[PDB]
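# coords please:
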Amino acid sequence: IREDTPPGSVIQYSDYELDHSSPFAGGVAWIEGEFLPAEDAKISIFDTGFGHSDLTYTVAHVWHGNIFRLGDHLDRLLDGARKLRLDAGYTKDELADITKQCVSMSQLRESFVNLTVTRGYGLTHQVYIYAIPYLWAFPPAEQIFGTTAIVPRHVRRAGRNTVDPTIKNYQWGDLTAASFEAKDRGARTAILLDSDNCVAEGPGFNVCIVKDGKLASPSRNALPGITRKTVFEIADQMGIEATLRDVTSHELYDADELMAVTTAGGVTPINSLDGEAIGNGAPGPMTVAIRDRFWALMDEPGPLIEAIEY
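Numbers count the residues shown, from 1 in each chain. Below is the structure in question.
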């Protein structure tokens, strides 16, 4: 339900308890039209979403009982499903209700919410939704005090003309390989390049590059992330020039600050690349400012958040 976060930091779980009388408490899956406890969530082994990874998905997070940019996530999910010739069979508004209901029944005030649309089995396409406890791409301690990264010697991000990274997918072959190479080298994570040695993204996150007070993030071989979108709105409001563009490998190694951004955990400072400190090897000023603002958004009433009705 929760884990430790650095005391006094901008990241704090809610203070509450699960009603264990309900089998739904702690995790809810909506599979084949029926809500289920997450423990029982199962799909046909013959779904081509398994055998061909023929699917797309999105993840929205719930923080302090508020779901963040669910409308943006449903647009991205439906747009990508259309690009894959997938028909969800539900309108966006319908999926929002089902998703909001999934969280409500879970009782999770902090939640990792996944909506998956697969090609299905014999051919009718399948929608799977689940809301489970919050998952961290990087532990909360690293959201606060920064993480470490390497660039893989042996791996590149798949290009948009192969397994298209601009559609959010489960095909992590390169991301998994890069992660193992990171652990092998004693790093927490990897930043992948594309085939032209431009920055692509990391396993499960976009990368933002700070140089001379400007913010850049890869435009081509990267998911158009909702967190990155949010980060760019924050930067804009701070009067920071933020640009989606090609970021070369030169720029990556030369950065003043680096950060990872993804729904599951927000904005993570990246303290070192290939063992070399970025800046002073601690979270950079813009990263701290953007991250603190990002977590404030989870509590400020406005169009980005919607209260779950528990």
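# Tell me the bridge partners for residue 248.
residue 198 (DSSP bridges).
# Tell me how far it lies from residue 196.
8 Å (C-beta to C-beta, to the nearest Å). For every residue, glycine as well, the C-beta is placed using N, CA and C.
# can I assume residue 203 is in contact with residue 172?
Yes. With contact defined as C-beta atoms under 8 Å, residue 203 counts as touching residue 172 (6.8 Å).
# More neighbours: the two, which one.
Neighbour tally, residue 203 and residue 172, criterion other C-beta atoms under 10 Å: the higher count belongs to residue 203, 21 against 15.
# what's the distance between the closest residue to the more buried one other than its chain neighbours and residue 150?
Nearest non-adjacent residue to residue 203, counting by C-beta to C-beta, 6 or more residues apart in numbering: residue 175, 3.7 Å away. Distance, residue 175 to residue 150, using C-beta to C-beta: 14 Å.
# ok, now which ones touch residue 254?
By C-beta atoms under 8 Å, 6 or more residues apart in numbering, residue 254 lies in contact with residue 211.
# scratch that, residue 23 is what I was asking about
The contact partners of residue 23, by C-beta under 8 Å, 6+ apart, come to 37, 39.
# if we go to 10 Å?
Taking C-beta atoms under 10 Å, 6 or more residues apart in numbering as the criterion, residue 23 is in contact with 36, 37, 38, 39, 40, 105.
# Narrow these to those in helices?
Among the contacts of residue 23, the ones falling in helices (DSSP state H) are residue 105.
# Can you turn the buried subset of the contacts of residue 23 into a selection I can paste into PyMOL?
If you want just the buried ones from those in PyMOL, going by 16 or more other C-beta atoms under 10 Å, the selection is:
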select buried, resi 36+37+38+105
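# between residue 175 and residue 150, what contacts are shared?
Any residue near both residue 175 and residue 150 by C-beta under 10 Å, 6+ apart counts here, and that gives residue 190.
# does residue 224 count as helix, strand or coil?
coil (DSSP: H, G, I helix; E, B strand; the rest coil).
# And residue 290, by the same measure?
Residue 290 - assigned by three-state DSSP - is helix.
# residues in contact with it?
For residue 290, the contact set (C-beta under 10 Å, 6+ apart) comprises 208, 210, 215, 230-232, 234-235, 237-238, 240, 242, 257, 259, 261, 266-267, 269, 284.
# roughly how far apart are it and residue 267?
Applying C-beta to C-beta, the value for residue 290 to residue 267 is 6 Å.
# That concludes my questions; thank you for your assistance.
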